[PDB]
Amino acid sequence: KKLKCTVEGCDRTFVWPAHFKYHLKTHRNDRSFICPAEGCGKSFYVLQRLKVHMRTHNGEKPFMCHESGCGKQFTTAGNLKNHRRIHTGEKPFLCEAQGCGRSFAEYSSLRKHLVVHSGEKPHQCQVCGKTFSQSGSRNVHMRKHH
């Protein structure tokens, strides 16, 4: 009755043998799929990730928005699915805070919103020490330094 990870602090259990094999590779950092483009040298855990990474070198964007007048092209279906919400107005990711009730178009936009309630500032400036809500805010303060 195996398929429980046995590394020291993990205590996780799996269902599919391939997902189990993936998990073990992350513990070992076993990245056997290497990008052959000159000067890149990045590596990945599975062949699928290398194939998607290649689109950063050959410019393929196979997923197109069919909104009239838009025709924008994206490297993953998931990104196109997010983009389409600017034409549909769908905001399916809802803030479950007590009195907020705000919705968002992207899952990650909700993540960046939850720090407004928690009040945390996870992004730090390595020079001065100021603390920022988002990384982009930290970077425009870095452009003020240099």
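From 1 onward, residues are counted along the sequence shown.
**Student:** Give the stretch, out of 26-34 and 91-99, with the larger mean C-alpha temperature factor in the deposited entry.
**Tutor:** So the stretch with the higher mean C-alpha B-factor is 91-99.
**Student:** Return whichever of 63-71 and 115-123 has the greater mean Cα B factor according to the PDB record.
**Tutor:** Higher of the two, by average CA B-factor, is 115-123.
**Student:** Among the chain's modelled residues, which third holds the C-alpha B-factor of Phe132?
**Tutor:** It falls in the top third of the chain.
**Student:** By its CA B factor, does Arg12 count among the lowest, middle or highest third of the modelled residues in the chain?
**Tutor:** Middle third of the chain for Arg12's C-alpha B-factor.
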